[PDB]
Amino acid sequence: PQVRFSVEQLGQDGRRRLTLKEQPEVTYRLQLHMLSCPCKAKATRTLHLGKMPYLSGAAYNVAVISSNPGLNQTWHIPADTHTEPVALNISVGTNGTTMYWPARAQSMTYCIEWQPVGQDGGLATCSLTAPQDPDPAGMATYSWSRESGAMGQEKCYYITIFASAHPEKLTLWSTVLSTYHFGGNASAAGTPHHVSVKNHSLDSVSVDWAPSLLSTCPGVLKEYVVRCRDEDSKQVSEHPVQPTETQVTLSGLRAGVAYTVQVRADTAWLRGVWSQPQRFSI
Amino acid sequence: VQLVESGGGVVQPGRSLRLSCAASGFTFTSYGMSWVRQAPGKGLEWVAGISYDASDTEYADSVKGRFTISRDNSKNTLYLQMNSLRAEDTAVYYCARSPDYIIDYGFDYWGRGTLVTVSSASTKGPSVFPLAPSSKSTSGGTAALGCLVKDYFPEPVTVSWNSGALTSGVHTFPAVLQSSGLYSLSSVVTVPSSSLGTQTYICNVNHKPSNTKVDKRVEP
Amino acid sequence: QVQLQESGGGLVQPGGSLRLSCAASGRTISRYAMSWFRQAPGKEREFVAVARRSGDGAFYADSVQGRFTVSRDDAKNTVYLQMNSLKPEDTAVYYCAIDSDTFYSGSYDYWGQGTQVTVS
Amino acid sequence: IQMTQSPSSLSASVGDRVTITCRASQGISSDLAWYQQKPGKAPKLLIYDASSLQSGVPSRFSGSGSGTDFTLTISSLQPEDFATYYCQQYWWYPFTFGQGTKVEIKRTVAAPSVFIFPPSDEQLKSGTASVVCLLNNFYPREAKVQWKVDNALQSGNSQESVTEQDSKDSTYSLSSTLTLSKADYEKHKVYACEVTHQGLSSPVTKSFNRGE
């Protein structure tokens with residue numbers, strides 16, 4: 001006969017049930033291959049068609065085997081990925097790189113997988129942790145040495161983390177989260193370029209800048225901040241700017257007074273480096 | 001992690017009995033559960049299974065229409081409703097955990113197990129008869145004696161010798177189910193033949209289900 | 001039917017070694033346990049060793065444990081008793097027997113005629 | 001799906017290399033597990049996925065195989081390993097176990113001390129007669145008693161019971177009970193119990209005469 005698969009959307013548990021439907025002694029079987037997290041020890045399992053496992057959000061190759069001879073067909077299950085709006089505290093530094101992510105139950109084995117975006121393909125990195133419990137803050141952690149290029153290059157990385165209490169059982173993996181991160185010294189690299197100040201009215205100016213390099217990496221750029229300094233009163237003002245906007249209007253300026261403007265780009269966890277200061281007057 | 005069964009006992013054929021398993025030490029709602037039974041002198045038999053969300057239930061052929069498995073995830077309790085019981089259902093019933101959402105893989109945690117005896121025999125204490133050694137030794141310097149415990153229900157009985165003061169050379173055999181529906185066993189000891197005249201040997205049988213205690217002196 | 005023929009006995013000094021053979025003819029014996037027995041003058045015949053089927057192991061009398069070893073050459077329908085560290089007490093006629101019960105209950109229906117072993 | 005283990009039982013010594021096989025009536029790939037059970041205790045899971053060792057299990061245990069033929073292996077047998085072992089498929093419902101394999105401790109052969117017991121006078125009042133034959137301290141477990149009443153061979157009227165291996169000497173004991181009515185018991189004179197065992201150079205018979 002002919003069989004077609006169905007899949008649920010990823011649930012809060014990081015699972016989704018692969019179901020089956022028939023639309024055309026004989027034996028029918030299923031071979032299941034988990035593609036994501038390649039550094040895991042066990043990657044395939046042969047199952048009965050009737051038991052419908054709860055997969056993770058990883059990518060899978062599923063193929064139907066029939067025994068009597070038989071026939072074999074395969075469908076590549078796409079990796080549906082949840083988006084965590086809160087960015088993870090990923091710190092790239094002089095001595096190495098460190099991650100923190102929300103942990104769940106105790107004695108959990110985690111697989112961290114990342115690959116640089118838009119060299120679409122390439123350096124696919126995979127990491128498997130020893131079983132570990134949540135810290136008092138409810139977080140798990142792992143670290144790499146400086147030599148380990150773990151997000152050490154100033155590029156956008158796509159990260160996916162999986163969890164299992166029994167990593168040797170293929171059908172027990174769950175998705176934790178997926179996220180984007182810009183590696184290296186993102187605070188310095190994220191500095192906006194081509195900052196310009198233009199006369200908008202007799203008492204207002206338009207400030208424009210090129211989009212930060214962080215804006216190309218989804219969810220990384222939290223906001224822009226524009227700092228304006230009155231060089232006579234020494235008064236300073238900061239204006240947060242939506243990450244989708246690269247322009248802001250400053251009003252209430254006084255004639256003859258010199259002003260200074262700087263722009264920075266902030267992530268959820270890092271203050272950006274200020275741009276070169278702009279000197280101007282009405 | 002602990003699993004505790006309850007509800008076992010004696011039940012007449014055709015009647016109904018409800019077993020319960022209390023789970024503790026883990027997240028009950030995240031794991032499939034199953035029941036596995038074992039007849040006294042027999043191997044293991046998987047009875048039924050249920051998924052974490054109770055959406056999947058499976059039964060063995062020998063119990064399909066007669067048993068019902070269910071779970072109360074709010075109280076961390078697994079249930080097994082048994083109806084139209086036959087004598088073959090007489091077994092010790094264990095509750096066990098499956099490591100995944102679905103009914104799959106081995107069973108990594110087990111309970112203590114509870115005994116379920118299906119019979120219409122009614123509770124009865126045992127009769128105790130002596131297995132006397134020959135008044136003339138034909139086995140050299142060693143001799144054998146014991147007690148016969150016959151016609152009791154249900155299991156079990158306890159046997160000691162000289163109020164437990166005699167343990168060397170003691171053999172107590174597992175019970176057998178007679179055609180009448182009653183149980184019977186024997187307990188024997190080997191002793192020096194020269195001590196038959198000087199030493200007294202008394203077996204102590206106790207049957208708590210019937211609250212019956214018997215002490216029998218065994219003489220050649 | 002089947003005939004058993006022992007051989008390899010004879011006179012041996014204390015501490016010496018002998019290997020007895022038990023050759024079966026008439027019927028294949030690879031399916032049956034083969035046992036060795038012995039009988040000293042004026043005593044009861046006593047068990048020495050048993051070689052069950054290949055894979056089911058060997059069992060020994062306590063008088064010979066650690067000194068005698070039973071083995072099978074099933075292709076030649078023969079079993080052996082290697083006897084090391086012989087003692088005067090081992091002197092006896094040695095017999096081999098088929099256990100006709102394949103479930104190993106010890107139904108010794110066929111016997112060899114025996115072979116004398118004398119230690120001293 | 002039928003699960004057949006082989007052998008049904010085996011004797012070994014401490015340090016030996018033990019191998020149990022498990023055979024499936026249908027192909028089950030790698031969905032197979034192994035369990036260990038001690039008398040009066042719940043089973044304990046040893047191996048899953050045919051070859052994955054469960055946490056806490058010593059490294060001397062190992063499994064292998066796929067499809068229809070599977071093997072469990074103990075490299076060096078330890079005293080706490082003497083027990084019974086079961087394989088189980090979870091390839092499809094209903095989940096089925098094997099019949100089990102008991103791993104016993106091997107020792108030197110011991111012949112049974114055979115005894116026979118007439119029914120007590122107190123029991124003869126109740127109209128029934130129980131005759132008991134005892135096979136004490138023997139090894140190995142394989143044996144065969146036949147009841148003979150006035151040399152007539154009995155059957156259907158006898159039941160048997162065997163102890164576990166004795167904690168001191170690892171031997172077995174067996175009891176066979178012959179049940180008769182008082183009328184049938186008074187109908188015959190000679191009651192005999194004939195034992196065969198691999199450690200008995202002859203079939204051993206113990207008998208008594210009713211009324212003596």
# chains A, B, ... in the order shown; residues from 1 in each chain; ligands from 1
call {"tool": "closest_atom_pairs", "arguments": {"of": "chain A", "to": "chain B", "cutoff": "10 Å", "atoms": "only C-alpha atoms", "output": "tab-separated table"}}
result
residue	atom	partner	partner_atom	distance
A:51	CA	B:102	CA	8.2
A:52	CA	B:102	CA	8.2
A:53	CA	B:102	CA	7.1
A:54	CA	B:101	CA	7.6
A:105	CA	B:27	CA	9.6
A:165	CA	B:99	CA	9.2
A:166	CA	B:99	CA	8.5
A:169	CA	B:105	CA	9.0
A:171	CA	B:100	CA	8.5
A:172	CA	B:100	CA	6.7
call {"tool": "write_last_selection", "arguments": {"atoms": "N, CA and C atoms", "output": "JSON list (two decimals), in the first residue's frame"}}
result
[["chain", "number", "residue", "atom", "x", "y", "z"],
["A", 51, "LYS", "N", 3.77, 2.05, 16.29],
["A", 51, "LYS", "CA", 4.16, 2.87, 17.42],
["A", 51, "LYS", "C", 4.69, 4.18, 16.85],
["A", 52, "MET", "N", 4.20, 5.29, 17.39],
["A", 52, "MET", "CA", 4.40, 6.59, 16.76],
["A", 52, "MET", "C", 5.18, 7.45, 17.74],
["A", 53, "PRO", "N", 6.50, 7.55, 17.58],
["A", 53, "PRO", "CA", 7.32, 8.14, 18.64],
["A", 53, "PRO", "C", 7.15, 9.64, 18.68],
["A", 54, "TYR", "N", 7.55, 10.22, 19.80],
["A", 54, "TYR", "CA", 7.57, 11.67, 19.96],
["A", 54, "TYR", "C", 8.98, 12.15, 19.61],
["A", 105, "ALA", "N", 14.96, 19.09, 34.17],
["A", 105, "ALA", "CA", 15.12, 18.11, 35.23],
["A", 105, "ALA", "C", 16.59, 17.77, 35.44],
["A", 165, "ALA", "N", 17.31, 12.59, 28.91],
["A", 165, "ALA", "CA", 17.73, 11.88, 30.11],
["A", 165, "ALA", "C", 18.32, 10.51, 29.78],
["A", 166, "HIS", "N", 18.13, 10.03, 28.56],
["A", 166, "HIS", "CA", 18.68, 8.75, 28.11],
["A", 166, "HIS", "C", 19.17, 8.95, 26.69],
["A", 169, "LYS", "N", 18.90, 6.38, 23.80],
["A", 169, "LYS", "CA", 17.61, 6.07, 23.21],
["A", 169, "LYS", "C", 17.24, 7.19, 22.24],
["A", 171, "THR", "N", 14.69, 7.87, 20.31],
["A", 171, "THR", "CA", 13.35, 8.44, 20.29],
["A", 171, "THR", "C", 13.00, 9.18, 21.58],
["A", 172, "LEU", "N", 13.99, 9.57, 22.38],
["A", 172, "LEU", "CA", 13.74, 10.28, 23.63],
["A", 172, "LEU", "C", 14.35, 11.67, 23.62]]
call {"tool": "residues_around", "arguments": {"residues": "stretch 242-253 of chain A", "least_positions_apart": "5", "cutoff": "6 Å", "atoms": "only C-alpha atoms", "output": "list in words"}}
result
residues 203, 204, 205, 206, 207, 208, 209 and 223 of chain A
call {"tool": "write_last_selection", "arguments": {"atoms": "N, CA, C and O atoms", "output": "PDB file, in the first residue's frame"}}
result
ATOM      1  N   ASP A 203      14.708  73.984  14.992  1.00  0.00           N
ATOM      2  CA  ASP A 203      14.940  73.538  16.360  1.00  0.00           C
ATOM      3  C   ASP A 203      15.084  72.025  16.469  1.00  0.00           C
ATOM      4  O   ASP A 203      15.019  71.489  17.583  1.00  0.00           O
ATOM      5  N   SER A 204      15.281  71.324  15.354  1.00  0.00           N
ATOM      6  CA  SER A 204      15.309  69.870  15.370  1.00  0.00           C
ATOM      7  C   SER A 204      16.311  69.393  14.328  1.00  0.00           C
ATOM      8  O   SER A 204      16.576  70.083  13.339  1.00  0.00           O
ATOM      9  N   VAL A 205      16.865  68.203  14.558  1.00  0.00           N
ATOM     10  CA  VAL A 205      17.790  67.570  13.629  1.00  0.00           C
ATOM     11  C   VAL A 205      17.371  66.123  13.420  1.00  0.00           C
ATOM     12  O   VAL A 205      16.755  65.505  14.294  1.00  0.00           O
ATOM     13  N   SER A 206      17.689  65.591  12.245  1.00  0.00           N
ATOM     14  CA  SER A 206      17.501  64.175  11.962  1.00  0.00           C
ATOM     15  C   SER A 206      18.842  63.462  12.100  1.00  0.00           C
ATOM     16  O   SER A 206      19.848  63.918  11.545  1.00  0.00           O
ATOM     17  N   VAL A 207      18.861  62.362  12.848  1.00  0.00           N
ATOM     18  CA  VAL A 207      20.052  61.532  13.008  1.00  0.00           C
ATOM     19  C   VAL A 207      19.827  60.220  12.269  1.00  0.00           C
ATOM     20  O   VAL A 207      18.836  59.525  12.524  1.00  0.00           O
ATOM     21  N   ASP A 208      20.747  59.871  11.370  1.00  0.00           N
ATOM     22  CA  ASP A 208      20.655  58.639  10.598  1.00  0.00           C
ATOM     23  C   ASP A 208      21.962  57.872  10.723  1.00  0.00           C
ATOM     24  O   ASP A 208      23.035  58.462  10.872  1.00  0.00           O
ATOM     25  N   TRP A 209      21.861  56.547  10.674  1.00  0.00           N
ATOM     26  CA  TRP A 209      23.044  55.703  10.712  1.00  0.00           C
ATOM     27  C   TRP A 209      22.782  54.467   9.867  1.00  0.00           C
ATOM     28  O   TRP A 209      21.632  54.131   9.570  1.00  0.00           O
ATOM     29  N   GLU A 223      18.089  47.066  20.686  1.00  0.00           N
ATOM     30  CA  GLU A 223      17.693  48.438  20.416  1.00  0.00           C
ATOM     31  C   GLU A 223      18.945  49.230  20.083  1.00  0.00           C
ATOM     32  O   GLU A 223      20.067  48.802  20.370  1.00  0.00           O
TER      33      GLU A 223
END
call {"tool": "select_by_dssp", "arguments": {"residues": "stretch 49-268 of chain A", "states": "strand (DSSP E or B)", "output": "ChimeraX atom specification"}}
result
/A:54-55,60-67,72-77,83,91-92,96-102,108-116,125-128,132,139-145,156-164,174-182,196-201,204-208,223-230,236-241,247-251,258-266
call {"tool": "closest_atom_pairs", "arguments": {"of": "chain B", "to": "chain D", "cutoff": "9 Å", "atoms": "only C-alpha atoms", "output": "CSV"}}
result
residue,atom,partner,partner_atom,distance
B:42,CA,D:99,CA,8.3
B:43,CA,D:99,CA,5.9
B:44,CA,D:97,CA,6.4
B:45,CA,D:97,CA,6.5
B:46,CA,D:95,CA,6.1
B:47,CA,D:94,CA,8.4
B:48,CA,D:94,CA,8.2
B:58,CA,D:93,CA,7.1
B:59,CA,D:94,CA,6.6
B:60,CA,D:94,CA,5.3
B:61,CA,D:94,CA,7.6
B:94,CA,D:42,CA,7.9
B:103,CA,D:90,CA,8.8
B:104,CA,D:90,CA,6.4
B:105,CA,D:90,CA,5.8
B:106,CA,D:33,CA,5.9
B:107,CA,D:45,CA,6.5
B:108,CA,D:45,CA,5.8
B:109,CA,D:44,CA,7.7
B:110,CA,D:42,CA,6.4
B:111,CA,D:42,CA,7.1
B:112,CA,D:42,CA,6.7
B:113,CA,D:42,CA,7.5
B:127,CA,D:123,CA,9.0
B:128,CA,D:123,CA,8.9
B:129,CA,D:120,CA,6.5
B:130,CA,D:120,CA,6.4
B:131,CA,D:117,CA,6.1
B:132,CA,D:117,CA,7.0
B:133,CA,D:117,CA,7.5
B:134,CA,D:117,CA,8.4
B:139,CA,D:113,CA,8.6
B:143,CA,D:115,CA,8.8
B:144,CA,D:115,CA,7.3
B:145,CA,D:117,CA,8.7
B:148,CA,D:130,CA,8.9
B:171,CA,D:163,CA,7.5
B:172,CA,D:163,CA,7.4
B:173,CA,D:163,CA,5.7
B:174,CA,D:161,CA,6.2
B:175,CA,D:161,CA,7.4
B:176,CA,D:161,CA,7.3
B:178,CA,D:159,CA,8.5
B:185,CA,D:161,CA,8.2
B:186,CA,D:175,CA,7.8
B:188,CA,D:134,CA,8.7
B:190,CA,D:136,CA,8.8
call {"tool": "write_last_selection", "arguments": {"atoms": "N, CA and C atoms", "output": "tab-separated table (two decimals), in the first residue's frame"}}
result
chain	number	residue	atom	x	y	z
B	42	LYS	N	6.15	-20.03	37.65
B	42	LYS	CA	6.20	-19.74	36.23
B	42	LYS	C	7.02	-18.48	35.98
B	43	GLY	N	7.15	-18.12	34.70
B	43	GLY	CA	7.91	-16.95	34.30
B	43	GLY	C	7.06	-15.69	34.29
B	44	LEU	N	7.61	-14.66	33.66
B	44	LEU	CA	6.99	-13.34	33.61
B	44	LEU	C	6.04	-13.24	32.42
B	45	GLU	N	4.95	-12.50	32.62
B	45	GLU	CA	3.97	-12.25	31.57
B	45	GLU	C	3.55	-10.79	31.64
B	46	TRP	N	3.77	-10.07	30.54
B	46	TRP	CA	3.30	-8.69	30.45
B	46	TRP	C	1.78	-8.66	30.33
B	47	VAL	N	1.14	-7.81	31.14
B	47	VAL	CA	-0.33	-7.78	31.22
B	47	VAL	C	-0.91	-6.64	30.40
B	48	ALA	N	-0.58	-5.40	30.77
B	48	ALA	CA	-1.13	-4.23	30.08
B	48	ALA	C	-0.16	-3.07	30.20
B	58	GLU	N	-2.63	-0.72	25.81
B	58	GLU	CA	-2.46	-2.02	25.18
B	58	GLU	C	-2.61	-3.12	26.22
B	59	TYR	N	-3.14	-4.27	25.78
B	59	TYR	CA	-3.38	-5.41	26.64
B	59	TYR	C	-2.90	-6.68	25.96
B	60	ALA	N	-2.54	-7.67	26.77
B	60	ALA	CA	-2.24	-8.98	26.24
B	60	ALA	C	-3.54	-9.68	25.82
B	61	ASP	N	-3.39	-10.66	24.93
B	61	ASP	CA	-4.57	-11.34	24.38
B	61	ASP	C	-5.36	-12.05	25.46
B	94	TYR	N	3.07	-7.10	39.49
B	94	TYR	CA	4.00	-6.00	39.66
B	94	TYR	C	3.56	-4.80	38.82
B	103	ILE	N	4.46	3.68	25.39
B	103	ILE	CA	4.76	2.33	25.84
B	103	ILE	C	5.89	1.77	24.99
B	104	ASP	N	7.11	1.80	25.52
B	104	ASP	CA	8.27	1.41	24.72
B	104	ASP	C	9.41	1.03	25.65
B	105	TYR	N	10.37	0.28	25.09
B	105	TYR	CA	11.61	-0.09	25.76
B	105	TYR	C	11.40	-0.92	27.02
B	106	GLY	N	12.49	-1.16	27.75
B	106	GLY	CA	12.44	-1.98	28.94
B	106	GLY	C	11.81	-1.26	30.12
B	107	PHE	N	11.83	-1.94	31.26
B	107	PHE	CA	11.21	-1.44	32.49
B	107	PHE	C	12.31	-1.24	33.53
B	108	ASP	N	12.59	0.03	33.84
B	108	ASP	CA	13.73	0.41	34.66
B	108	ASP	C	13.41	0.50	36.14
B	109	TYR	N	12.14	0.44	36.53
B	109	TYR	CA	11.76	0.50	37.93
B	109	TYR	C	10.58	-0.44	38.16
B	110	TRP	N	10.60	-1.13	39.29
B	110	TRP	CA	9.58	-2.12	39.62
B	110	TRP	C	9.09	-1.91	41.04
B	111	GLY	N	7.89	-2.41	41.32
B	111	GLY	CA	7.32	-2.37	42.65
B	111	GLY	C	7.64	-3.62	43.44
B	112	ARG	N	6.98	-3.74	44.59
B	112	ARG	CA	7.19	-4.91	45.44
B	112	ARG	C	6.41	-6.12	44.95
B	113	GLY	N	5.28	-5.90	44.31
B	113	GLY	CA	4.41	-6.98	43.85
B	113	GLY	C	3.40	-7.38	44.90
B	127	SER	N	-4.01	-29.39	58.34
B	127	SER	CA	-3.85	-30.58	59.17
B	127	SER	C	-2.39	-31.02	59.12
B	128	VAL	N	-1.85	-31.40	60.28
B	128	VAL	CA	-0.43	-31.71	60.42
B	128	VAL	C	-0.29	-33.16	60.84
B	129	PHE	N	0.43	-33.94	60.02
B	129	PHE	CA	0.69	-35.35	60.25
B	129	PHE	C	2.19	-35.60	60.33
B	130	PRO	N	2.63	-36.59	61.10
B	130	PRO	CA	4.07	-36.81	61.28
B	130	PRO	C	4.66	-37.70	60.20
B	131	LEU	N	5.85	-37.31	59.72
B	131	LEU	CA	6.66	-38.14	58.84
B	131	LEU	C	7.70	-38.81	59.73
B	132	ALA	N	7.34	-39.97	60.28
B	132	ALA	CA	8.13	-40.57	61.34
B	132	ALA	C	9.32	-41.35	60.77
B	133	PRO	N	10.49	-41.26	61.41
B	133	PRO	CA	11.61	-42.11	61.01
B	133	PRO	C	11.38	-43.54	61.47
B	134	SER	N	12.00	-44.47	60.75
B	134	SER	CA	11.84	-45.88	61.08
B	134	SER	C	12.40	-46.17	62.47
B	139	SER	N	19.57	-46.56	57.62
B	139	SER	CA	20.40	-45.60	56.89
B	139	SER	C	21.67	-45.27	57.67
B	143	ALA	N	19.44	-40.20	60.01
B	143	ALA	CA	18.02	-40.49	59.89
B	143	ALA	C	17.29	-39.22	59.46
B	144	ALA	N	16.11	-39.42	58.87
B	144	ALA	CA	15.30	-38.33	58.35
B	144	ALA	C	13.90	-38.39	58.94
B	145	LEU	N	13.33	-37.22	59.21
B	145	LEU	CA	11.98	-37.10	59.76
B	145	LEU	C	11.41	-35.76	59.32
B	148	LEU	N	3.99	-33.31	57.71
B	148	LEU	CA	3.19	-33.11	56.51
B	148	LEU	C	2.07	-32.12	56.81
B	171	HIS	N	14.77	-28.84	55.67
B	171	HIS	CA	14.28	-28.58	54.32
B	171	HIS	C	12.77	-28.39	54.38
B	172	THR	N	12.30	-27.24	53.91
B	172	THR	CA	10.88	-26.94	53.80
B	172	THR	C	10.54	-26.71	52.33
B	173	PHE	N	9.69	-27.59	51.77
B	173	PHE	CA	9.40	-27.60	50.34
B	173	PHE	C	8.32	-26.58	49.99
B	174	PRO	N	8.38	-26.03	48.78
B	174	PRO	CA	7.31	-25.14	48.32
B	174	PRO	C	6.00	-25.89	48.18
B	175	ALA	N	4.91	-25.16	48.35
B	175	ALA	CA	3.59	-25.76	48.38
B	175	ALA	C	3.17	-26.24	46.99
B	176	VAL	N	2.25	-27.19	46.97
B	176	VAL	CA	1.65	-27.69	45.75
B	176	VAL	C	0.14	-27.53	45.84
B	178	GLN	N	-3.35	-28.93	45.15
B	178	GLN	CA	-3.99	-30.21	44.91
B	178	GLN	C	-5.22	-30.04	44.02
B	185	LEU	N	2.28	-29.05	51.68
B	185	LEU	CA	3.74	-29.08	51.57
B	185	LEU	C	4.28	-29.98	52.68
B	186	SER	N	5.60	-30.13	52.70
B	186	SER	CA	6.28	-30.95	53.69
B	186	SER	C	7.57	-30.27	54.13
B	188	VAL	N	11.20	-31.34	56.31
B	188	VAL	CA	11.95	-32.49	56.79
B	188	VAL	C	13.29	-32.03	57.36
B	190	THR	N	17.20	-33.91	58.78
B	190	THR	CA	18.05	-35.08	58.94
B	190	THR	C	18.84	-34.96	60.23
call {"tool": "residues_around", "arguments": {"residues": "residue C:12", "least_positions_apart": "5", "cutoff": "12 Å", "atoms": "only C-alpha atoms", "output": "mmCIF file with C-alpha atoms, in the first residue's frame"}}
result
data_model
loop_
_atom_site.group_PDB
_atom_site.id
_atom_site.type_symbol
_atom_site.label_atom_id
_atom_site.label_comp_id
_atom_site.auth_asym_id
_atom_site.auth_seq_id
_atom_site.Cartn_x
_atom_site.Cartn_y
_atom_site.Cartn_z
ATOM 1 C CA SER C 17 48.998 -40.182 34.880
ATOM 2 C CA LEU C 18 46.783 -42.255 32.575
ATOM 3 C CA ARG C 19 44.152 -41.431 29.945
ATOM 4 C CA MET C 83 43.757 -39.164 35.155
ATOM 5 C CA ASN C 84 46.585 -37.162 36.742
ATOM 6 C CA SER C 85 48.143 -37.441 40.216
ATOM 7 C CA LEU C 86 47.026 -41.055 40.653
ATOM 8 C CA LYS C 87 46.864 -42.487 44.194
ATOM 9 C CA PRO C 88 46.687 -46.079 45.510
ATOM 10 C CA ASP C 90 42.288 -44.943 42.684
ATOM 11 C CA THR C 91 42.970 -48.619 41.970
ATOM 12 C CA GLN C 116 41.723 -52.323 35.253
ATOM 13 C CA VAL C 117 43.721 -49.437 36.734
ATOM 14 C CA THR C 118 46.297 -50.331 39.400
ATOM 15 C CA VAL C 119 48.164 -47.544 41.216
ATOM 16 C CA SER C 120 51.307 -48.792 43.111
#
call {"tool": "interface_residues", "arguments": {"of": "chain C", "to": "chain D", "cutoff": "9 Å", "atoms": "only C-alpha atoms", "output": "MDAnalysis selection string"}}
result
chainID C and resid 35 37 44:50 56:57 59:62 65 99 103:108
